Amino acid sequence: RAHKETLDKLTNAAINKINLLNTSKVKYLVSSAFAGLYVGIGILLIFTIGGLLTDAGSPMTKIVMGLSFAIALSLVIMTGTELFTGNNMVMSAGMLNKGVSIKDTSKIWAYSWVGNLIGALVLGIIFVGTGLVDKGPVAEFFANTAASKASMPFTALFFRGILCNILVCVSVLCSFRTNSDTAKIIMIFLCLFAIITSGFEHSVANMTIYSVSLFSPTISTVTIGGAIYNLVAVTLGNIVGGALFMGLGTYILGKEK
Amino acid sequence: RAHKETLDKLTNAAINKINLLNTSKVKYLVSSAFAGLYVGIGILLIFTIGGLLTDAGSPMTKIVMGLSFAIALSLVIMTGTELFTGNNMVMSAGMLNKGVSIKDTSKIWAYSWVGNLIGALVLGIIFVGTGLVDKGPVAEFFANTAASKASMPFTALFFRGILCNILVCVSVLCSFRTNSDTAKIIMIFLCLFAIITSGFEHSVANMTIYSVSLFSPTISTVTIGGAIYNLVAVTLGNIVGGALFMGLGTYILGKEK
Amino acid sequence: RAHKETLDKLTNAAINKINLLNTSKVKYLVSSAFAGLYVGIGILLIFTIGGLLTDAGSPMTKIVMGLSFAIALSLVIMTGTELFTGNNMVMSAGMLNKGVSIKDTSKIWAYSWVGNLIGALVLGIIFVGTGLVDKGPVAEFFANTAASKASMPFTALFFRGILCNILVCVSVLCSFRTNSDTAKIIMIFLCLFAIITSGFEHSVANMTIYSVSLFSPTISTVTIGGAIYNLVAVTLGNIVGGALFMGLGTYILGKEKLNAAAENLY
Amino acid sequence: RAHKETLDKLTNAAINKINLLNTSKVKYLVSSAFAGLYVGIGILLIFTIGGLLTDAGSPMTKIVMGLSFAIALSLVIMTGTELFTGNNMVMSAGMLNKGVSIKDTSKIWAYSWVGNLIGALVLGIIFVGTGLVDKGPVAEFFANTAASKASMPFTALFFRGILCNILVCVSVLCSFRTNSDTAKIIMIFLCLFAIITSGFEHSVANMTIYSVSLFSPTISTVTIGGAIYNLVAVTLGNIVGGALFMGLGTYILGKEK
Amino acid sequence: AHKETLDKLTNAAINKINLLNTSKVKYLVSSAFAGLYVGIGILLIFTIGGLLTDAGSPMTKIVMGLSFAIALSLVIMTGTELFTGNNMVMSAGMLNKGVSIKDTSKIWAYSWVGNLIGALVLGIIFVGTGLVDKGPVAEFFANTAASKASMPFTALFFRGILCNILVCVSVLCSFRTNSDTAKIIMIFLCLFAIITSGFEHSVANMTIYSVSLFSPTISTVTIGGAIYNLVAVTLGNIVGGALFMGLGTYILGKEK
Ligand SMILES: CCCCCCCCO[C@@H]1O[C@H](CO)[C@@H](O)[C@H](O)[C@H]1O
Ligand SMILES: CCCCCCCCO[C@@H]1O[C@H](CO)[C@@H](O)[C@H](O)[C@H]1O
Ligand SMILES: CCCCCCCCO[C@@H]1O[C@H](CO)[C@@H](O)[C@H](O)[C@H]1O
Ligand SMILES: CCCCCCCCO[C@@H]1O[C@H](CO)[C@@H](O)[C@H](O)[C@H]1O
Ligand SMILES: CCCCCCCCO[C@@H]1O[C@H](CO)[C@@H](O)[C@H](O)[C@H]1O
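Chains as they are written, first to last, in PDB author numbering: chain D, 0 to 256; chain A, 0 to 256; chain C, 0 to 265; chain B, 0 to 256; chain E, 1 to 256.
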């Protein structure tokens, strides 16, 4: 094990995040926007896959979607950009280890969440302009998925959000624990396969699901109300998974007591 | 050849394990709980696959499930967390090599088994909360699988547990014999593929099978009694495979006489 | 982090490109020609797959095509040759960081683009010469695809071009951010999967699509006006994606803000 | 090209093998037993696959089997254990190069062959004990394969053994020519894919095929005379493939003359 | 790093001719291994071809391409002498004045013949397994051999060109990376392209014809057919490897 080294790295990354934000809100928001859009790119890919295999009646739909989502977090980690969901574990661990404050943590979470959203809104806009969701099985996949995610009960979304961010954050944790970029990508691939195929909920990914569905004139039954309901429920779950499980857990393992 | 050095690393790992437990029961149990939960995440993924493909009558079902289970031990190894089944070989070799004692071994086995179960209990509760096993093929897949595992003859479960833990512990052994994290993950992928598709029995994975099946009000094919029956038989078989084959074996290979 | 170091690498890459171009038109155009042909090789592969699976009715067609396209940018990055689409991000970042001039940039872009085109033309001539697109599902896939791309609205092609080059350029960016050649190839595989299966537009790849179709004797029904319209719309799209998004974006991330010799972020 | 360096490595390895055997028969036999069982694990997996896909009438059966066999030699190489077929090239090259005697070679061949057999016997007994070949397509797949392998003309088996051990030994040769463990596993994956899907014959894998077939009450398609016939023919072919092609070939490339 | 790459190709060309000059046996043995290693890839993918063609699968050519990587991977990882790869290496080394034209034709002649010996040996042994006595694999060899030998010259020539661009560029990648895993991946991608696209490889065809001509399965092949295919494809391979990759890498790297 190298639990203490790992906690040191998490704490140093938390310190580095808040110093970045304090040094430049533009730099922090651009990074956050990049991460939001990168995650959204994975969504565009796997929903195209979703539409294609759904229209085909394939039993393998959710499995192929899961296998194909690795790009989302892979791009985030390989570009060193700012992802809200990953920040749940990093800021909480660093905060518990007294490297950052609670205010620092809430500031980082707020900014990366908004930045992530800006990225998703841009992607959504651009994607709608390609005409790829003007009509057909791919537009319908966005339309139906958006609707079902927005009509789920609060408790279900919350618990799905917890399990999702346990997986997002453990993949981030693995990247702090190896020097091999290939190993990092493989672990990301495995974790995101688990997330998508199992049906867990990811606030940042949902941002693109809703920006596309909402910006698309291919009607679809969503509404901003439903989008907000889902994002709030899922964000709360994500925070619990990342901070209360992963952040607290890694702190307990690594705390120089 | 390099068996001596491998035995040396195994011995040191066994020494570090008992020192951790002597230092902090909380740290040790948290690490164990993480590992039990990580293994369970693999179960949630492949049982989702099992439900999807069984429902479709696919002949590829058990093959796809085996290929998709790699995350379970990959997460454990890459996070440095405490897994009971792997401890069967490590403590065993370490004890034989006079680095730790018999009571040290029994203590580590008991705590890691219980801590792993804690992780499975937590994951099961949260998974039930997702609503993902309310009804439909995934719930059916948990219910039917838990039922069949609980009604297998003792001897069958025992021998399945032996072969399972030979594979788990050899994947752990490979991790002690390479410096490449990518190669570690590949070997784990191969061994877990063999375990799942061949039909071998893993006590720690079964903890999540039974936590989900028993916590879900939607599932009513098994009882705590059936869970205990399967867990006891499979755990005994696991111990024989990890300690009697892999532990004794690596000691013999490595013991500088 | 580590964005500053990444910015320094992009800027050095930019300076090296204009330098080599200044030194030898021949060296630069051959490098660009290789890159154009390498990308086209990917097209020849996935369009053969397109033809095969389309004629078979498969629903996995576009997924298998996406999974099989990695060779295109993998070859470019592993041979270190000049690809127009990638040059958008590198030249703009370097220029913004005041390592290369606006003049240097539109030059590299011009030479790389044309050089990429030469490669596609030569590949197209040779491929048709194999007789593999004399008749049948593959020849048609080339034909029908060429027609559909040349008959889409500007807006659509533009935005498809933006998204395409975001992905092309981010894979180039990953290659600057790791020392693992395997991780580089894996990131390329993922990005190109996303590009092809999602349906984004790549100018350099389109160069080979139209060269084959305009060289193939199985008639056409696309025409040269269509091709150039496409390459124009997609190229502008590509430029915005790579220069406006990736170039400016990486500049902002990496530019050490003391300096400040000129502009202040907030 | 590094042909001399490669022969120098093969020669050191031959020396180290005979020294080990001379030092401890128990260590040498235990190591050989492990390698036999590890290869056998590959057989249990791919024959499970065989039964599943053959029962389903799948055309991809032999392809998936080949893709799934990599674990057999991957485990042997990553654990550093003694495999008879690999020793055909190593001992012969080291013998030609005067690092070891002809008698050392005979000794190593006989001991590893028998030790491999012990591992296969042990694996077979335990596998039968699982109830996994009690009845159904997997048992039938063992029964049918064991029978066809036993009824082939000597000539056919012999030449199949030559090509098999060209592939086993070249994968071993690859492992001497790289420092990348991931590259070693990939080359093993490719070679074993070629062996299984093409239909070549591996003596050590066949030990497990026949141990299961002869230990399972539900398998009556073959006799001990039949196993012995196949094993002799295939062993002879393996020896020619490994020693006369790979051993002599690598000696010729590397010998400073 | 074009200059360093050209230096590497030049040093590889020099070491090849030096080797041949020192020992024809060592050089021919190495060439025979490379021919057999490439042939092993053919045995595997033609087994796949027979299996899937018999089943009417639209994935046949795709699965074959994905499964051919072993052919050049064995060559590169064993350090053996492959004719097609020597088209780029010797030409680059020659233009860079490390070796002569005479050296090049010599290395080409010896590796081609050595590759062929490896293919003949493999074909004989494979026929001896009984695996092509009858059935869809035997049929796949016979039909493929016949189709390749009945193609027009021009078609074979151009397919040979694209094939060796891919073979040689995979070799080029191996000179431009220190990662053995990256080398294998690049080889996997290039061979996937070669096989699935339908390009022509002289050395691989050596095994196709040695198997088909040694096997009991009746084909319309004939030795005259094989030789015709091999000549046309070899010239195409030479053009692709020497004129494109050889000349190209020299131009990229030459410090002038
Ligand atoms: C272009 C869009 C910019 C969005 C900026 C959002 C910043 C919100 O502001 C932050 O929110 C937290 C809780 O609400 C507080 O605890 C922080 O102190 C506060 O800075
Ligand atoms: C909240 C979780 C508490 C876990 C406590 C586990 C303690 C088990 O206790 C152990 O049991 C063994 C026998 O099975 C003994 O041999 C060990 O000596 C003993 O320490
Ligand atoms: C040891 C393996 C996992 C043990 C999980 C124990 C959880 C049992 O708990 C209860 O059992 C009831 C009836 O069977 C269920 O109906 C209830 O949902 C559940 O509360
Ligand atoms: C699932 C199969 C994916 C294979 C990816 C392997 C990538 C490993 O990583 C690569 O290979 C070597 C690792 O041992 C290193 O030497 C290289 O530097 C590195 O590029
Ligand atoms: C469990 C016991 C198995 C032991 C295997 C015994 C095989 C030894 O037997 C012999 O050894 C000689 C050299 O010492 C060789 O010359 C002979 O070839 C070999 O048959």
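No residue lacks a Cβ here, since even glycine has one placed at the ideal position from N, Cα and C.
Taking 9 Å as the cut-off, the beta carbon of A193/A is found no closer than this to the beta carbon of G35/B. Contact between the region 71 to 91 of chain C and the region 237 to 257 of chain C is present: 3 or more CB-CB pairs across the two stretches fall below 8 Å. If you check the C-beta of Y209/A against ligand 3, you find a heavy atom less than 8 Å away.
Within the region 32 to 114 of chain E, the complete alpha helix (DSSP H) segments of 4 residues or longer fall at 60 to 66, 70 to 78, 83 to 95, listed in chain order. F199/E sits in coil when the DSSP states are folded into three classes, being neither helix nor strand.
Restricting attention to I185/E, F126/E, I227/E, the CA atom closest to the CA of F68/E is found in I185/E. Our two residues, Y250/B and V171/B, have alpha carbons roughly 15 Å apart in a direct line. The beta carbons of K183/D and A182/C sit closer together than 9 Å. Counting along the chain, the unbroken alpha helix (DSSP H) around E4/A starts and ends at 2 to 22. Nearest C-alpha to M77/B among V203/A, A1/A, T207/A, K256/A: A1/A. Three or more Cβ pairs closer than 8 Å define a contact, and the region 91 to 111 of chain C falls short of that threshold against the region 157 to 173 of chain E.
Taking 8 Å as the cut-off, one finds at least one heavy atom of ligand 2 near enough to the beta carbon of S105/A.
Shortest gap from the CB of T222/A to any heavy atom of ligand 3: under 8 Å. Note that the region 57 to 68 of chain B does not touch the region 17 to 25 of chain B; fewer than 3 beta-carbon pairs, one per stretch, sit closer than 8 Å. Cβ-Cβ separation between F83/D and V211/D: approximately 19 Å, too far for a contact (criterion under 8 Å). Taking 9 Å as the cut-off, the Cβ atoms of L252/A and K106/B do not count as close. Distances from the CA of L213/B to each of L122/B, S23/B, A232/B were compared; the closest alpha carbon is that of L122/B.
Note that the C-beta distance between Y209/A and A155/A is not below 9 Å. If the five residues before and after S31/B are omitted, its C-beta is found closer than 6 Å to the C-beta atoms of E81, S111, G114, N115, all from its own chain and listed in chain order.
Its Cα nearest to that of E255/B, the residue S23/E stands out among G248/E, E4/E, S23/E, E255/E. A12/D is classed as buried because its beta carbon has at least 16 other beta carbons within 10 Å across all chains shown. Not flagged as an interface residue toward chain D: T129/C, since no C-beta distance is shorter than 9 Å. Chain A has a Cβ within less than 9 Å of the Cβ of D180/B.
Cβ atoms of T207/B and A142/B stay farther apart than 8 Å, at about 14 Å.
For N86/E, none of the residues of chain B pass the 7 Å Cβ criterion, the least Cβ distance being about 13 Å. Scanning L52/D, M59/D, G56/D for the CA closest to the CA of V137/D turns up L52/D. Along the region 2 to 21 of chain B, going in chain order, the ones with a CB nearer than 8 Å to a CB of chain A are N15, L19.
For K61/C, the CB contacts under 6 Å within the same chain, skipping 5 residues up- and downstream, are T196 in chain order. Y37/D has its alpha-carbon roughly 8 Å from the corresponding atom of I70/D. In this structure, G246/D lies away from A149/D, with their beta-carbon atoms at least 9 Å apart.
Along the region 55 to 69 of chain E, the positions whose C-beta sits under 8 Å from a C-beta of chain B are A55, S57, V63, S67, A69, read in chain order.
Exclusion of the five residues before and after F33/D leaves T78, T80, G118 as the residues of its chain whose Cβ lies within less than 7 Å of its Cβ. Using a CB distance below 8 Å, the part of the region 22 to 33 of chain E facing chain B consists of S23, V25, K26, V29, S30, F33, ordered along the chain.
Restricting attention to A204/B, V203/B, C163/B, the CA atom closest to the CA of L189/B is found in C163/B. The distance from the Cβ of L72/B to that of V167/B is about 7 Å, consistent with a contact at the 8 Å cut-off.
When the five nearest sequence neighbours on each side are left out, the beta carbons in the same chain lying within less than 6 Å of the beta carbon of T47/E are those of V137, in order along the chain.
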